[PDB]
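Engineer: so I've got this experimental structure, pasted below with the sequence.
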Amino acid sequence: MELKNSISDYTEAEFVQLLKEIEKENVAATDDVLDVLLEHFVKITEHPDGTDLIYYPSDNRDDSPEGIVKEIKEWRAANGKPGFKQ
Amino acid sequence: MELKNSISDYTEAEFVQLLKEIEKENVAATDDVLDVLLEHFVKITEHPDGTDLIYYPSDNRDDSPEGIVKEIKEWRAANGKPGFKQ
Amino acid sequence: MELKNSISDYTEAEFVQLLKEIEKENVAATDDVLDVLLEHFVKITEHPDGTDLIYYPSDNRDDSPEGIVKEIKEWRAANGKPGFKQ
Amino acid sequence: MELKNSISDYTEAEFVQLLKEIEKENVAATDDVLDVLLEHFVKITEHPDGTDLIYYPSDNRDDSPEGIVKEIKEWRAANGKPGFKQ
Amino acid sequence: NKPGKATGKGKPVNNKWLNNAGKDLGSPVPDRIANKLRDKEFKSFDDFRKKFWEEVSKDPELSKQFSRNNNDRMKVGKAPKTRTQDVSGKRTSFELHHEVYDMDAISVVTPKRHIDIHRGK
Amino acid sequence: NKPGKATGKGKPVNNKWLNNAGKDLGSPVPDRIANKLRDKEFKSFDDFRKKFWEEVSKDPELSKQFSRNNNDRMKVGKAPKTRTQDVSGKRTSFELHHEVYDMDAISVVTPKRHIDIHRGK
Amino acid sequence: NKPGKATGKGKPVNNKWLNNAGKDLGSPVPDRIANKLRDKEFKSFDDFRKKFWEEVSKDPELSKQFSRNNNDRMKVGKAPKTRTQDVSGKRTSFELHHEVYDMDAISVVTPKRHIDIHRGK
Amino acid sequence: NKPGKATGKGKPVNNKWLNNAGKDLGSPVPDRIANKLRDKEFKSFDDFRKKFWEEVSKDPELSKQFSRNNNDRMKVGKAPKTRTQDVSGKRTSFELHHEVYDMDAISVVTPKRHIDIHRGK
Ligand SMILES: [Zn+2]
Ligand SMILES: [Zn+2]
Ligand SMILES: [Zn+2]
Ligand SMILES: [Zn+2]
């Protein structure tokens, strides 16, 4: 779909769609497209663990699109950064 | 992607890609495309429970693409029907 | 992508993306997904010729996404119907 | 879709699907995905003009997917390189 | 549809919230969900339905009652898919029945049961 | 469904090849196309159909008679979409009528006409 | 970037508008395009660039100077792709050079030529 | 690139199989996996690699050691993504190091460690 410049441009639902697009490319024959989408995810979330949120989720939360969104939301808030679009 | 008319046209890896396409549409604003892919899934798998394999997985298996493929593979084999492409 | 309920929900650019998605499905192995997207196109444009705008463009305009948009825009205006989003 | 590492892995019909995937991204908000697909197109076709075949077609041929495939097929044959999958 | 404010308190639910969505008037709006939507404005009922399902996906005790694929649907405001045996034609997901934004007059029913409710059954 | 080779001569067609696809027995297999398929083996008619349309997309004299979107369809082995007035329900693309792989007995017709043909109309 | 109103008259162009985008200061803003954008408000230059290319795709005399794939790009506000020989690394599409919304101080250049302009060349 | 059969015994691994992929020679081929590939023909190592990872995704004891997103990758023959701290440039997934199709000489290592190994570190 369309890649927005920041987290504030994505509603939670829209961010979930980006995650599902990443999941689709994750099972593609190559990582050509996947890797670009992962760079975009790392860039906009600004979370220090980057892709780990996806491939190495914490045991303290669900290994799911909802869990990823929740962890991201909690971290950005704990660090005074703009959250998802309302 | 391309929709084959039989389970025997799909390798296990290819079927997972279809499940992932289904998951992507599952989070789309409407179910227009999702519903066509589900009808296709129901038609080729031929399992009596149809979409339940995706939305209502048994507790005896993993709620995941690997689990869905595994259950289909076993049920088809148990019923003497052709399996995934080798 | 996301299928909006009416023409007024689509900017011209967004409508072009829907056309390119139709073009992609047009060359897919089957018409399963294509046909649903075509029904949506017919429904929201409300043009009497429906799919002909796509598969049988008038000689008076370009056989292209831009041409389709232009013809649609001219017809909806000539009939006092809401146009694309500004 | 799946990106093959050689022209010989693609049938003419499959290559057209790739061109159509390229056209879809061509109208996406950013060029993030488009650019990866173009690099791939350039790599497998091996034509010295690379992306020009898509964005700057010669007047001696049709500006279309069928024209792009035709020019690639002739150039590869003329240079003794393997052609599309039969 | 005309805008309005959601009202109502709802009812407490167990770990089988929708087990009876295919019977009588279906499942009630969970109180926890009602609390999150109470006094909120919605441009239309459809806008209410989306927010409704979204809140469900956020409620730990409710989301755990749904599969991963169904939780993803609710997260984007779409009703979860019902079991195959409860669908009716192209209607394959739970529906909201009015007994417009009064959460105490709204219940969750399967499409099959919903059709019977309106056919006098 | 059963393999076999394509045989036949076909007929010369003008720049409006499918103008009569919705009348009588529709349009014939163009002679130029027949020359490209003659003596070829096909595992099934469906296979012949895909190959048929791909050949059409490669013939300059025929392709120019179709829009860009219809040429793209033929390039992948799918029949072009008919005008809206010629469809019949979910059948929205030209069909091949048998009067086997004998191109002299095969014709191109719209869905609406194809149905009528088999009904004596 | 700060908002502003586009200004300027631009210059008349022939059927080879960007032929000299890889030389000197590049191609000027067409007068016809300047007329469509003059006195308009834009939240940022990027917003200006998108509208700019969008207007180009709508100008018959200019759009005909671009391929189908490049016209599609401009239609969504993206700059057209340059010829392979004019790219520079990941910069593969025409760029706008300032000599912020003064269309008479804005020109279209290839990435290769643009880099040289700023490197004092 | 050259065909051949897979041979070897491998070794038993715990519930943290790849904890040492970034040290020494990394993790060994699990004995259970070796049993599934032993005596099989592979047109190339890349082919062995895809098959290897697909087998991993099918072994309950190993799969549970990976997240859902990494299991999906292995299911299609692709190596799981490493933690960010273990990548090296564009090399972001576990790699197989040779000490042929001899599983007793093959090990799983992170990109960063793999580079160091070949540099004497
Ligand atoms: Zn009701
Ligand atoms: Zn017939
Ligand atoms: Zn500059
Ligand atoms: Zn090594």
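Structural biologist: Thanks, I have it. Numbering: from 1, shown residues only, chains lettered A, B, ... in the order given. Ligands and ions are numbered 1, 2, ... in the order given.
Engineer: stretch E:90-110 vs chain F: in contact?
Structural biologist: No - Stretch E:90-110 stays clear of chain F (CB under 8 Å from any CB of the partner chain), getting no nearer than 14.6 Å. (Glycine included, C-beta is placed from N, CA and C.)
Engineer: chain center to stretch E:33-51: distance?
Structural biologist: Its chain's C-alpha centre and that of stretch E:33-51 lie 11 Å apart, by CA atoms, centre = their mean, to the nearest Å.
Engineer: for the spatially most central residue of chain E, which non-adjacent residue is closest in space?
Structural biologist: For chain E, residue E:108 is the residue whose C-alpha lies nearest the centre (CA atoms, centre = their mean; 4.2 Å). Nearest-residue entry for residue E:108: residue E:27, 4.4 Å, with adjacent residues in sequence omitted and distances by CB to CB, 6 or more residues apart in numbering or on different chains.
Engineer: need phi/psi at that neighbour.
Structural biologist: Dihedral angles of residue E:27 (phi, psi; degrees, to the nearest 10) stand at phi -90, psi 140.
Engineer: and for the residue in chain E positioned nearest to chain A, the neighbour number?
Structural biologist: The minimum distance from chain E to chain A, using CB to the nearest CB, falls at residue E:76 (4.3 Å). Residues near residue E:76, counting by other CB atoms under 10 Å in any protein chain shown, number 22.
Engineer: distance of it from residue A:13?
Structural biologist: 4 Å (CB to CB, to the nearest Å).
Engineer: quickly list what's touching both of these two.
Structural biologist: B:27, E:54 (CB atoms under 8 Å, 6 or more residues apart in numbering or on different chains).
Engineer: separation between the closest residue to residue E:38 other than its chain neighbours and residue E:40?
Structural biologist: Leaving aside its chain neighbours, residue E:38 sits nearest to residue E:6 (6.0 Å; criterion: CB to CB, 6+ apart). In this view, residue E:6 and residue E:40 are 5 Å apart by CB to CB.
Engineer: same check on residue A:31?
Structural biologist: 43 Å.
Engineer: which ones are touching residue 22?
Structural biologist: Chain wasn't specified; assuming chain A. A:34, A:37-38, A:41, A:54, H:69.
Engineer: hm, I was asking about chain E
Structural biologist: With CB under 8 Å, 6+ apart, residue E:22 has these contacts: E:86, E:109-110, E:112-113.
Engineer: packing partners of the longest helix along chain E?
Structural biologist: Criterion DSSP state H: the longest helix present in chain E is helix E:45-58. When contacts are defined as 3 or more CB pairs under 8 Å, 6 or more residues apart in numbering or on different chains; DSSP states H and E, helix E:45-58 sits against helix E:31-37, helix E:60-63, helix E:68-75, strand E:95-98.
Engineer: how much does that helix deviate in direction from helix E:68-75?
Structural biologist: Angle, helix E:45-58 to helix E:68-75, by axes from the mean of the first three to the mean of the last three CA atoms, to 10 degrees: 130 degrees.
Engineer: which one is residue E:78 nearest to, not counting chain neighbours?
Structural biologist: Using CB to CB, 6+ apart, the closest residue to residue E:78 is residue E:53 (6.4 Å).
Engineer: from chain F, how far off is the residue of chain A found nearest chain E?
Structural biologist: Per CB to the nearest CB, residue A:13 is where chain A lies closest to chain E, at 4.3 Å. Distance check for residue A:13 against chain F: by CB to the nearest CB, to the nearest Å, it reads 32 Å.
Engineer: one step back: and residue A:31 and residue E:40? Which one has more around it.
Structural biologist: residue A:31 (19 against 13).
Engineer: about what we covered before: list the residues that contact the residue of chain A closest to chain E.
Structural biologist: Counted by CB under 8 Å, 6+ apart, residue A:13 has contacts B:27, E:54, E:75-77.
Engineer: how close does it sit to chain C?
Structural biologist: From residue A:13 to chain C the distance is 10 Å (CB to the nearest CB).
Engineer: next, work out how far apart that residue and residue F:70 are.
Structural biologist: 37 Å.
Engineer: now swap in residue A:80 and tell me
Structural biologist: Residue A:80 is 56 Å from residue F:70, by CB to CB.
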